[PDB]
Amino acid sequence: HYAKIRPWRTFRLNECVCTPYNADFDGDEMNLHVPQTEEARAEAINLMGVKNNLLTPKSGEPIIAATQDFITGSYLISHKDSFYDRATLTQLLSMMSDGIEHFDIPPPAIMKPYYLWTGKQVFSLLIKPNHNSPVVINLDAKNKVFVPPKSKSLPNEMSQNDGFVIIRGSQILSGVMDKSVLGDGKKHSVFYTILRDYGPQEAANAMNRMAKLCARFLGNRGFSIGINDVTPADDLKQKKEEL
Amino acid sequence: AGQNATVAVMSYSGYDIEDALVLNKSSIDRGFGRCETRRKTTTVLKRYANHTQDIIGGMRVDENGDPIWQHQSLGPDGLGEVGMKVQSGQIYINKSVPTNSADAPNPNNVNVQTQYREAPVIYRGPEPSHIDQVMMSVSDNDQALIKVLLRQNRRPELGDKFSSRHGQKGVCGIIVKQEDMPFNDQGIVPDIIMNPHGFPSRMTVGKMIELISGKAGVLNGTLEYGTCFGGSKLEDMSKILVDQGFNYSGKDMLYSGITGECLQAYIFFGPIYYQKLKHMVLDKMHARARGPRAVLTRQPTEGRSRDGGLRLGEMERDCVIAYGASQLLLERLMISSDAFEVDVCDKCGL
Amino acid sequence: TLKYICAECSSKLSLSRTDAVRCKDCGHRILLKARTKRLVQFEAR
Amino acid sequence: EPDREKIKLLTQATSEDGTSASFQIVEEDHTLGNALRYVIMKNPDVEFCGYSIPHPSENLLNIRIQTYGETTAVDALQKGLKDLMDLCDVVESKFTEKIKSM
Amino acid sequence: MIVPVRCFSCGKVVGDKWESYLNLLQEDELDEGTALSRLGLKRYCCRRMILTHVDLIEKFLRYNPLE
Amino acid sequence: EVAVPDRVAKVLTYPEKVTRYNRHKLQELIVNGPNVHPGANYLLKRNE
Amino acid sequence: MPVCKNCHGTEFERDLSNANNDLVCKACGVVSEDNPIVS
Amino acid sequence: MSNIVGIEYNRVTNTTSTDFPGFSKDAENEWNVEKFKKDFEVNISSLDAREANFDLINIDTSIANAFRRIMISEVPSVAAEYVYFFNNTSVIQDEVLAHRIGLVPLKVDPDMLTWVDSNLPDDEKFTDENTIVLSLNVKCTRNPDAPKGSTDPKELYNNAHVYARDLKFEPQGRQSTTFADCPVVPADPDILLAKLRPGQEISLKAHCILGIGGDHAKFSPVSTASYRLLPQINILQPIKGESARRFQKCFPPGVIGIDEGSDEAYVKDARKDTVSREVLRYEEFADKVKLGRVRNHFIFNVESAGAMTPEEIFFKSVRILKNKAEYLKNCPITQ
Amino acid sequence: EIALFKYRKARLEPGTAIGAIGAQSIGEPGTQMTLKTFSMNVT
Amino acid sequence: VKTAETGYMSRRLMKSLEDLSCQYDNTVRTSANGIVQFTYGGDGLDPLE
Ligand SMILES: [Mg+2]
Ligand SMILES: [Zn+2]
Ligand SMILES: [Zn+2]
Ligand SMILES: [Zn+2]
């Protein structure tokens with residue numbers, strides 16, 4: 001890793017790379033080292049850098065994409081029904097790459113009766129920020145579970161949910177950002193695609209602009225598990241009582 | 001053995017990943033989880049079998065200047081005061097022994113007590129502390145036993161463990177100033193925020209009943225039950241919560257901190273008894289420099305006590321072999337550890 | 001010097017340089033030490 | 001007094017003529033972040049203005065005001081920041097003229 | 001030990017909240033909750049200290065060997 | 001990046017041989033002092 | 001014990017800070033020895 | 001959108017204020033300084049010495065969040081920090097006792113003092129307006145008297161429960177000038193700091209400072225400066241008959257009432273209830289009575305720590321927000 | 001172009017401790033659920 | 001107990017397979033400049049990427 005100088009003497013690394021360390025944040029100490037000569041410092045950073053080590057070598061899938069809050073908040077961002085206001089989309093698009101780089105606002109998914117951007121276009125803006133970044137990619141995959149398209153339909157997109165995803169020109173057109181589409185799974189995630197298409201640097205930049213996005217938005221949206229959330233209904237009770 | 005605090009179960013600010021709590025400034029500043037760490041340091045002064053005694057006299061004034069940084073908090077008695085502070089270098093208890101009594105000469109009329117060299121024990125510590133109780137006494141064999149304990153009032157900092165009594169652990173992630181945490185109609189800002197992800201895979205639903213039971217206990221007045229297989233049930237509990245005017249499930253509508261509008265999903269919050277553990281970050285921080293080495297291998301010591309040393313190998317040095325690093329694995333096991341100068345030869349090169 | 005508070009009846013006694021340390025009429029063996037008369041300073045944080 | 005400490009234009013985020021500028025303002029927090037975003041955003045020339053702190057332990061805030069081809073984003077913040085003062089002056093005047101009763 | 005001067009989460013003062021509670025529990029008895037309702041407690045995180053907090057300083061000041 | 005706090009960053013050094021390029025920066029970290037964070041603890045000249 | 005380079009026969013002081021505690025001289029500043037070896 | 005949110009049993013709807021030009025095909029009316037002055041009239045309920053319920057109108061949640069954010073932390077207050085001691089032989093250690101001395105409010109109005117710097121040490125820290133010094137000394141013996149008191153230690157020991165009124169005030173020179181027209185006291189005199197016993201002694205000298213709420217917790221003048229979105233009941237298809245009794249027993253006995261006999265259930269007022277939403281459980285009111293939480297109202301409930309009236313607090317918050325914006329307006333831009 | 005550029009790059013670059021990578025790969029999956037349900041008496 | 005056995009299994013699996021290079025003849029070679037397989041996996045490709 002590189003260094004960073006912050007107060008509050010406990011360590012900080014990130015949370016996207018917590019999976020290879022298998023950390024649990026339960027009073028878990030974990031020591032660091034420094035190289036000494038100018039040979040071994042570059043030998044560490046060019047051969048063991050985090051941008052180089054996006055893959056575990058046991059099968060070649062991406063292992064460092066994100067973790068639980070990031071995936072479950074991007075699912076709430078891009079579900080199917082999270083139409084954003086222009087002020088809300090404006091704040092949410094500025095709050096990923098705070099002031100370092102700019103964006104080109106696309107035409108929204110819905111014209112004159114109230115202008116509302118679909119959350120999938122909002123995740124599409126996360127991948128391709130501008131036309132100055134050659135980050136055009138293509139993907140077609142599956143959101144880890146789907147009810148199959150019960151009729152006689154050739155694509156797996158005509159289901160009760162989003163199901164089969166598709167990316168054409170760094171733009172998602174259907175789907176959510178759950179597991180095995182985002183990472184920690186099979187070899188068809190978005191970050192693996194950015195990696196194989198345009199190197200390690202843009203792959204790291206997409207993750208570090210998704211992290212500041214979702215960590216700062218999920219504290220604003222709201223999410224809880226109350227006793228109403230885990231309440232068995234009377235129908236389930238009377239079905240269990242006879243079964 | 002703890003402290004009570006209201007707590008909003010939500011995913012807040014991304015510092016709530018895997019048992020990662022987030023505390024509240026100006027709520028922790030009002031005496032929430034304040035610690036007192038007490039360590040004693042007893043140095044019994046003994047008289048030797050060489051007709052001598054260890055005088056604990058000190059107080060080098062050095063031109064009437066409220067004396068120097070070594071002997072500042074010692075006073076004109078030899079023993080340290082009560083209430084004075086010490087920050088990594090003041091001598092708080094004196095111990096002066098002679099060296100002619102280290103051997104066994106005859107008890108001649110020559111000066112046995114001719115030198116009173118200074119070998120005390122000093123408070124080596126990262127943070128300043130105070131002395132609140134120092135006592136000198138007697139032991140079994142008529143010698144001056146001295147016990148002194150030092151205490152520091154540790155403010156609970158960032159990195160400190162905070163675990164619920166119900167079965168979920170936690171280390172704080174960041175501290176929030178006052179008002180970036182979501183309030184309600186009454187305007188009560190919660191203290192801590194727990195992970196919603198900590199509930200399913202750890203499979204805890206009794207804490208989700210504990211917030212409701214604590215809310216009704218602080219509402220109706222009575223300290224409520226909750227023992228094994230009995231106690232106060234939930235059916236009358238929801239009736240009490242809906243009879244006062246709150247929600248029947250412990251939920252509440254909350255207003256966001258950084259933007260002021262409402263929260264899209266409801267957030268439930270109530271008191272949980274939160275105990276603090278013996279894992280203060282000052283007691284677990286470690287460092288290493290070019291410091292002490294052993295007499296046997298000229299390598300650093302173990303643990304944290306002597307100086308410290310953090311080994312790598314037998315499963316750890318093989319990782320950079322799996323990477324293919326050559327010069328790092330050479331340097332951090334040869335040059336940074338010990339650079340030695342064995343002379344060799346060609347003919348019988350021993 | 002007025003220090004060396006007792007631990008059984010709390011009497012202010014001043015032992016000499018050779019005492020083989022003993023208390024006053026309480027009949028005790030150990031003794032604590034009184035607080036210094038200086039001015040300790042810190043903020044209320 | 002040449003007291004340049006608060007506002008600072010990012011030389012590595014703006015365009016050539018103007019129209020977009022990252023303003024790194026110091027010693028300020030969410031006390032005026034959404035109070036200034038809401039006023040600059042309802043300018044019909046300004047089309048994209050949002051605020052985000054880099055890190056909470058640092059006392060920094062970055063705001064990026066994008067606009068169309070009419071006005072400069074440097075001078076757009078001037079008119080979008082005078083109007084919050086006008087808001088507070090109107091609220092203070094009405095509160096003073098109402099608190100004289102009862 | 002001693003009740004704090006202000007509560008943790010909110011900021012309402014908790015002075016004249018403890019002795020006026022035990023004085024109201026000994027003389028002019030109320031059950032548990034109308035005591036706080038007549039003393040003036042509204043927000044229920046200001047009510048988790050007077051209801052809570054066994055008094056430890058009255059048991060700590062017992063240990064003084066004729067001080 | 002791992003955030004290394006200054007309570008363990010001021011005790012954890014890295015040698016830098018001056019190479020007529022960082023002479024001003026290393027002179028700044030010498031004149032600044034080892035108490036504050038951008039500084040230097042120890043030094044070893046050309047002579048033994 | 002008085003082995004030094006710039007001065008001769010001065011006093012010494014093992015360090016208290018930085019967990020380094022080497023036996024160093026005064027008024028110029030030279031360690032004048034190896035690392036400390038303790039048991 | 002009619003300035004109202006939806007309240008469903010699992011989530012809310014239309015949280016964003018969305019009242020800007022550039023939202024649907026035209027200018028959903030712009031700022032227009034004459035219109036914002038014409039369409040702004042507030043409604044004050046009451047002002048006590050420790051209670052204010054003054055409302056607000058025609059502004060979004062953003063600047064209302066600003067006016068509750070600066071009110072709770074970013075307005076100055078007055079409290080003691082530096083507590084000098086003299087041979088405190090109590091059982092309470094000096095850090096916790098000085099914390100109790102600091103954190104209690106001190107009833108004295110600001111703008112009689114200025115701010116302090118971090119440099120210029122102790123002989124020059126307190127320059128002619130910095131210090132409200134509060135000197136204290138207390139000790140007791142066994143009280144010479146004949147009570148019995150075999151359980152309660154009230155008449156047995158002198159002043160064993162020291163209060164906030166024991167903290168005296170020492171004026172020096174010009175400090176007595178601000179004391180003549182404004183005598184200083186603490187906020188509440190019946191605030192328990194410590195508990196002592198005979199043989200123990202507490203004497204000290206605390207210095208004061210002017211601070212902002214970002215430093216410590218004692219620099220906040222308001223306990224709770226929050227607001228409330230007003231609940232608007234939007235009941236349709238009236239419920240006359242015997243269902244109004246269950247409709248009254250389900251809601252609080254406040255906001256809703258019944259005329260007479262077999263009439264419908266009207267609404268008494270607006271500023272009475274929170275949202276209990278028990279009606280979203282039963283299969284009678286789940287699709288018959290629709291409530292909500294309207295914007296535009298922002299019911300305040302502030303209370304003082306004892307330092308100043310809340311009509312001074314809100315005015316000071318508005319003035320310090322205007323000054324904080326003016327200091328950024330007059331700042332030159334330098335890359 | 002793209003398929004051949006991804007195939008010539010996927011050739012194993014010489015000078016790599018393939019035995020060390022493989023031995024870290026085999027020794028890694030220490031989960032070992034060991035479902036002893038059902039072919040009877042097989043480990 | 002399973003992790004206690006698996007740690008020693010992964011440690012004693014290592015030393016028999018620790019020194020195994022891959023020279024520029026597209027072969028995999030041992031410590032004594034021997035050979036165990038003439039091209040890695042039959043193809044000679046990287047199993048990581
Ligand atoms: Mg662990
Ligand atoms: Zn005695
Ligand atoms: Zn409270
Ligand atoms: Zn020297």
# chains A, B, ... in the order shown; residues from 1 in each chain; ligands from 1
$ interface_residues --of "chain B" --to "chain J" --cutoff "12 Å" --atoms "only C-alpha atoms" --output "number ranges by chain"
B: 313-324
$ write_last_selection --atoms "C-alpha atoms" --output "compact mmCIF listing (two decimals), in the first residue's frame"
# COMPACT_ATOMS: atom_id res chain seq x y z
CA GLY B 313 7.97 -16.12 8.38
CA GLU B 314 7.15 -19.86 8.23
CA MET B 315 3.91 -18.96 6.46
CA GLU B 316 4.47 -15.22 5.84
CA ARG B 317 7.81 -15.12 4.01
CA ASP B 318 6.37 -17.70 1.61
CA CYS B 319 3.76 -15.18 0.44
CA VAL B 320 6.35 -12.96 -1.26
CA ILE B 321 7.88 -16.12 -2.71
CA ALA B 322 4.45 -16.81 -4.21
CA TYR B 323 4.47 -13.25 -5.58
CA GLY B 324 8.01 -13.66 -6.88
$ residues_near_ligand --ligand "ligand 4" --cutoff "6 Å" --atoms "only C-alpha atoms and all ligand atoms" --output "ChimeraX atom specification"
/G:6-7,25-30
$ write_last_selection --atoms "C-alpha atoms" --output "compact mmCIF listing (two decimals), in the first residue's frame"
# COMPACT_ATOMS: atom_id res chain seq x y z
CA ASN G 6 33.86 14.97 17.95
CA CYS G 7 34.23 15.30 21.74
CA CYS G 25 26.50 11.88 23.69
CA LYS G 26 25.82 15.61 24.09
CA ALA G 27 26.22 18.99 22.35
CA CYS G 28 27.01 17.65 18.88
CA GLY G 29 25.01 14.42 18.82
CA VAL G 30 26.71 11.14 17.84
$ residues_around --residues "region 16-26 of chain F" --least-positions-apart "5" --cutoff "10 Å" --atoms "only C-alpha atoms" --output "PyMOL selection string"
(chain A and resi 36-38) or (chain F and resi 31-32+38-40+43-45)
$ write_last_selection --atoms "C-alpha atoms" --output "PDB file, in the first residue's frame"
ATOM      1  CA  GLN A  36      14.249   0.193   3.247  1.00  0.00           C
ATOM      2  CA  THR A  37      16.279   0.479   0.043  1.00  0.00           C
ATOM      3  CA  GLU A  38      15.114   2.004  -3.228  1.00  0.00           C
TER       4      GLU A  38
ATOM      5  CA  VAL F  31      15.255  22.520   9.442  1.00  0.00           C
ATOM      6  CA  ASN F  32      11.670  21.580  10.375  1.00  0.00           C
ATOM      7  CA  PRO F  38       7.387  16.403   8.115  1.00  0.00           C
ATOM      8  CA  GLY F  39      10.871  16.053   9.581  1.00  0.00           C
ATOM      9  CA  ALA F  40      13.868  13.753  10.057  1.00  0.00           C
ATOM     10  CA  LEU F  43      21.440  11.629   9.699  1.00  0.00           C
ATOM     11  CA  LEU F  44      24.712  10.120   8.433  1.00  0.00           C
ATOM     12  CA  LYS F  45      27.141  12.206   6.370  1.00  0.00           C
TER      13      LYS F  45
END
$ residues_near_ligand --ligand "ligand 1" --cutoff "10 Å" --atoms "only C-alpha atoms and all ligand atoms" --output "PyMOL selection string"
chain A and resi 22-29
$ select_by_dssp --residues "chain F" --states "alpha helix (DSSP H)" --output "list in words"
residues 6, 7, 8, 9, 23, 24, 25, 26, 27, 28, 29, 30, 31 and 32 of chain F
$ residues_near_ligand --ligand "ligand 2" --cutoff "6 Å" --atoms "only C-alpha atoms and all ligand atoms" --output "PyMOL selection string"
chain C and resi 6-11+26
$ write_last_selection --atoms "N, CA and C atoms" --output "PDB file, in the first residue's frame"
ATOM      1  N   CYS C   6      -2.614   8.487  58.333  1.00  0.00           N
ATOM      2  CA  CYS C   6      -2.810   7.110  58.757  1.00  0.00           C
ATOM      3  C   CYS C   6      -3.945   6.458  57.967  1.00  0.00           C
ATOM      4  N   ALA C   7      -4.084   5.146  58.144  1.00  0.00           N
ATOM      5  CA  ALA C   7      -5.114   4.388  57.451  1.00  0.00           C
ATOM      6  C   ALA C   7      -6.150   3.778  58.383  1.00  0.00           C
ATOM      7  N   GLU C   8      -6.074   4.037  59.678  1.00  0.00           N
ATOM      8  CA  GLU C   8      -7.068   3.521  60.613  1.00  0.00           C
ATOM      9  C   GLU C   8      -7.785   4.622  61.379  1.00  0.00           C
ATOM     10  N   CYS C   9      -7.067   5.658  61.819  1.00  0.00           N
ATOM     11  CA  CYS C   9      -7.688   6.789  62.491  1.00  0.00           C
ATOM     12  C   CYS C   9      -7.342   8.133  61.865  1.00  0.00           C
ATOM     13  N   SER C  10      -6.513   8.149  60.813  1.00  0.00           N
ATOM     14  CA  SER C  10      -6.192   9.329  59.999  1.00  0.00           C
ATOM     15  C   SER C  10      -5.572  10.455  60.834  1.00  0.00           C
ATOM     16  N   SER C  11      -4.401  10.168  61.390  1.00  0.00           N
ATOM     17  CA  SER C  11      -3.657  11.129  62.191  1.00  0.00           C
ATOM     18  C   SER C  11      -2.492  11.682  61.384  1.00  0.00           C
ATOM     19  N   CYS C  26      -3.469   4.967  67.128  1.00  0.00           N
ATOM     20  CA  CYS C  26      -4.322   3.981  66.469  1.00  0.00           C
ATOM     21  C   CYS C  26      -3.733   2.574  66.532  1.00  0.00           C
TER      22      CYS C  26
END
$ closest_atom_pairs --of "chain A" --to "chain I" --cutoff "9 Å" --atoms "only C-alpha atoms" --output "Markdown table"
| residue | atom | partner | partner_atom | distance |
| --- | --- | --- | --- | --- |
| A:56 | CA | I:25 | CA | 8.8 |
| A:57 | CA | I:25 | CA | 7.0 |
| A:58 | CA | I:25 | CA | 5.2 |
| A:59 | CA | I:25 | CA | 8.9 |
| A:196 | CA | I:6 | CA | 8.8 |
$ interface_residues --of "chain H" --to "chain D" --cutoff "7 Å" --atoms "only C-alpha atoms" --output "list in words"
residues 20, 21, 22, 30, 37, 62, 63, 66, 69, 70, 315, 318, 322, 325, 328, 329, 331, 332, 333, 334 and 335 of chain H
$ residues_near_ligand --ligand "ligand 3" --cutoff "8 Å" --atoms "only C-alpha atoms and all ligand atoms" --output "VMD selection string"
(chain B and resid 188) or (chain E and resid 7 to 12 43 to 48)
$ write_last_selection --atoms "N, CA, C and O atoms" --output "compact mmCIF listing (two decimals), in the first residue's frame"
# COMPACT_ATOMS: atom_id res chain seq x y z
N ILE B 188 -34.26 13.82 19.59
CA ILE B 188 -33.24 13.10 20.33
C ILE B 188 -32.27 12.49 19.31
O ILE B 188 -32.64 11.65 18.48
N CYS E 7 -27.53 15.08 30.30
CA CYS E 7 -27.65 13.74 29.76
C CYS E 7 -26.79 13.59 28.51
O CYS E 7 -26.32 14.57 27.92
N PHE E 8 -26.59 12.33 28.10
CA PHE E 8 -25.59 12.02 27.08
C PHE E 8 -26.05 12.46 25.69
O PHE E 8 -25.43 13.30 25.05
N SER E 9 -27.16 11.88 25.22
CA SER E 9 -27.59 12.07 23.84
C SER E 9 -28.18 13.46 23.62
O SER E 9 -27.75 14.19 22.72
N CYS E 10 -29.17 13.84 24.43
CA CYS E 10 -29.73 15.18 24.39
C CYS E 10 -28.88 16.10 25.27
O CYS E 10 -27.77 15.74 25.68
N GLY E 11 -29.38 17.29 25.58
CA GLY E 11 -28.60 18.22 26.36
C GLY E 11 -29.32 18.83 27.54
O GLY E 11 -28.85 19.82 28.11
N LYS E 12 -30.46 18.26 27.92
CA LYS E 12 -31.23 18.80 29.03
C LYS E 12 -30.53 18.49 30.35
O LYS E 12 -29.99 17.39 30.54
N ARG E 43 -38.57 13.94 26.97
CA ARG E 43 -37.86 13.12 26.00
C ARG E 43 -37.29 11.89 26.70
O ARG E 43 -36.70 12.00 27.78
N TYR E 44 -37.47 10.72 26.09
CA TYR E 44 -37.21 9.47 26.80
C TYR E 44 -35.74 9.05 26.79
O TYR E 44 -35.44 7.95 27.26
N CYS E 45 -34.83 9.86 26.26
CA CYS E 45 -33.42 9.63 26.50
C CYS E 45 -32.88 10.51 27.61
O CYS E 45 -31.75 10.31 28.05
N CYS E 46 -33.67 11.49 28.05
CA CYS E 46 -33.41 12.19 29.30
C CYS E 46 -33.96 11.44 30.50
O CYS E 46 -33.73 11.85 31.64
N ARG E 47 -34.68 10.34 30.26
CA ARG E 47 -35.31 9.55 31.30
C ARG E 47 -34.57 8.24 31.56
O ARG E 47 -35.03 7.44 32.38
N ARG E 48 -33.45 8.01 30.88
CA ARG E 48 -32.66 6.80 31.08
C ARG E 48 -31.48 7.03 32.02
O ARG E 48 -30.49 6.29 31.96
$ residues_around --residues "residue 27 (chain J)" --least-positions-apart "3" --cutoff "12 Å" --atoms "only C-alpha atoms" --output "NGL selection string"
(:I and (12-18)) or (:J and (20-24 or 30 or 33-45))
$ write_last_selection --atoms "N, CA, C and O atoms" --output "mmCIF file, in the first residue's frame"
data_model
loop_
_atom_site.group_PDB
_atom_site.id
_atom_site.type_symbol
_atom_site.label_atom_id
_atom_site.label_comp_id
_atom_site.auth_asym_id
_atom_site.auth_seq_id
_atom_site.Cartn_x
_atom_site.Cartn_y
_atom_site.Cartn_z
ATOM 1 N N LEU I 12 1.893 -17.759 -20.199
ATOM 2 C CA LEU I 12 2.558 -17.620 -18.908
ATOM 3 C C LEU I 12 3.922 -16.968 -19.093
ATOM 4 O O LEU I 12 4.776 -17.481 -19.824
ATOM 5 N N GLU I 13 4.109 -15.835 -18.439
ATOM 6 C CA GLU I 13 5.358 -15.098 -18.504
ATOM 7 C C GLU I 13 6.431 -15.860 -17.739
ATOM 8 O O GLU I 13 6.220 -16.190 -16.564
ATOM 9 N N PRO I 14 7.565 -16.185 -18.358
ATOM 10 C CA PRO I 14 8.563 -17.026 -17.687
ATOM 11 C C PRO I 14 9.264 -16.299 -16.552
ATOM 12 O O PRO I 14 9.319 -15.068 -16.504
ATOM 13 N N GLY I 15 9.804 -17.088 -15.631
ATOM 14 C CA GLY I 15 10.420 -16.560 -14.436
ATOM 15 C C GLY I 15 9.500 -16.447 -13.245
ATOM 16 O O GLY I 15 9.793 -15.662 -12.338
ATOM 17 N N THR I 16 8.408 -17.202 -13.214
ATOM 18 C CA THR I 16 7.401 -17.099 -12.170
ATOM 19 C C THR I 16 7.393 -18.378 -11.344
ATOM 20 O O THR I 16 7.451 -19.481 -11.893
ATOM 21 N N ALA I 17 7.330 -18.227 -10.019
ATOM 22 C CA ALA I 17 7.251 -19.371 -9.114
ATOM 23 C C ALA I 17 5.849 -19.962 -9.209
ATOM 24 O O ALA I 17 4.954 -19.665 -8.415
ATOM 25 N N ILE I 18 5.661 -20.816 -10.219
ATOM 26 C CA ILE I 18 4.367 -21.449 -10.447
ATOM 27 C C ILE I 18 4.083 -22.483 -9.369
ATOM 28 O O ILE I 18 2.926 -22.674 -8.968
ATOM 29 N N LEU J 20 10.209 -23.935 -7.505
ATOM 30 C CA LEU J 20 9.788 -24.467 -8.796
ATOM 31 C C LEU J 20 9.619 -23.276 -9.735
ATOM 32 O O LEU J 20 8.571 -22.623 -9.729
ATOM 33 N N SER J 21 10.641 -23.007 -10.539
ATOM 34 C CA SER J 21 10.672 -21.825 -11.387
ATOM 35 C C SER J 21 9.951 -22.100 -12.703
ATOM 36 O O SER J 21 9.253 -23.102 -12.861
ATOM 37 N N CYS J 22 10.107 -21.191 -13.665
ATOM 38 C CA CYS J 22 9.632 -21.418 -15.028
ATOM 39 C C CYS J 22 10.556 -20.631 -15.952
ATOM 40 O O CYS J 22 10.373 -19.424 -16.132
ATOM 41 N N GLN J 23 11.539 -21.317 -16.532
ATOM 42 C CA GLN J 23 12.579 -20.661 -17.308
ATOM 43 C C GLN J 23 12.048 -20.228 -18.673
ATOM 44 O O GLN J 23 10.888 -20.455 -19.027
ATOM 45 N N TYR J 24 12.920 -19.604 -19.462
ATOM 46 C CA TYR J 24 12.540 -19.018 -20.742
ATOM 47 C C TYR J 24 12.467 -20.034 -21.878
ATOM 48 O O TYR J 24 12.286 -19.633 -23.032
ATOM 49 N N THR J 30 12.981 -27.539 -11.605
ATOM 50 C CA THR J 30 13.186 -27.707 -10.175
ATOM 51 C C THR J 30 14.468 -27.005 -9.725
ATOM 52 O O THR J 30 15.053 -26.193 -10.448
ATOM 53 N N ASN J 33 18.045 -28.011 -11.500
ATOM 54 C CA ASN J 33 17.899 -27.797 -12.944
ATOM 55 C C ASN J 33 17.295 -29.024 -13.632
ATOM 56 O O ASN J 33 17.602 -29.332 -14.785
ATOM 57 N N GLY J 34 16.424 -29.735 -12.920
ATOM 58 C CA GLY J 34 15.663 -30.817 -13.497
ATOM 59 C C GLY J 34 14.438 -30.286 -14.211
ATOM 60 O O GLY J 34 14.303 -29.092 -14.479
ATOM 61 N N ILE J 35 13.520 -31.198 -14.513
ATOM 62 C CA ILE J 35 12.315 -30.826 -15.243
ATOM 63 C C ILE J 35 11.206 -31.803 -14.872
ATOM 64 O O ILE J 35 11.456 -32.984 -14.615
ATOM 65 N N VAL J 36 9.984 -31.286 -14.769
ATOM 66 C CA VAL J 36 8.835 -32.100 -14.392
ATOM 67 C C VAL J 36 7.721 -32.072 -15.428
ATOM 68 O O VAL J 36 6.913 -33.015 -15.467
ATOM 69 N N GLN J 37 7.644 -31.043 -16.269
ATOM 70 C CA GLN J 37 6.578 -30.910 -17.252
ATOM 71 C C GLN J 37 7.089 -29.983 -18.344
ATOM 72 O O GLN J 37 7.671 -28.938 -18.041
ATOM 73 N N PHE J 38 6.893 -30.366 -19.603
ATOM 74 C CA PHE J 38 7.582 -29.666 -20.680
ATOM 75 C C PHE J 38 6.894 -28.370 -21.084
ATOM 76 O O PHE J 38 7.559 -27.471 -21.610
ATOM 77 N N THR J 39 5.593 -28.251 -20.854
ATOM 78 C CA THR J 39 4.918 -26.967 -20.947
ATOM 79 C C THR J 39 3.817 -26.957 -19.899
ATOM 80 O O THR J 39 3.209 -27.994 -19.619
ATOM 81 N N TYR J 40 3.602 -25.797 -19.283
ATOM 82 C CA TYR J 40 2.745 -25.738 -18.106
ATOM 83 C C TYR J 40 1.279 -25.881 -18.492
ATOM 84 O O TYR J 40 0.741 -25.069 -19.250
ATOM 85 N N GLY J 41 0.638 -26.923 -17.964
ATOM 86 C CA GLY J 41 -0.758 -27.190 -18.241
ATOM 87 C C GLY J 41 -1.048 -27.689 -19.634
ATOM 88 O O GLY J 41 -2.219 -27.765 -20.017
ATOM 89 N N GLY J 42 -0.024 -28.025 -20.409
ATOM 90 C CA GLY J 42 -0.180 -28.440 -21.790
ATOM 91 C C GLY J 42 -0.203 -27.309 -22.793
ATOM 92 O O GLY J 42 0.240 -27.475 -23.931
ATOM 93 N N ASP J 43 -0.725 -26.154 -22.392
ATOM 94 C CA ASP J 43 -0.778 -24.996 -23.271
ATOM 95 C C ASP J 43 0.428 -24.086 -23.075
ATOM 96 O O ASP J 43 1.017 -23.607 -24.048
ATOM 97 N N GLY J 44 0.805 -23.846 -21.823
ATOM 98 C CA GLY J 44 1.824 -22.876 -21.496
ATOM 99 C C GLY J 44 1.298 -21.514 -21.107
ATOM 100 O O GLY J 44 2.073 -20.551 -21.100
ATOM 101 N N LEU J 45 0.015 -21.403 -20.782
ATOM 102 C CA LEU J 45 -0.619 -20.122 -20.521
ATOM 103 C C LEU J 45 -0.686 -19.849 -19.022
ATOM 104 O O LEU J 45 -0.504 -20.736 -18.187
#
$ residues_around --residues "residue 102 (chain H)" --least-positions-apart "3" --cutoff "9 Å" --atoms "only C-alpha atoms" --output "PyMOL selection string"
(chain C and resi 43-45) or (chain H and resi 79-83+97-99+105+206+208+218)
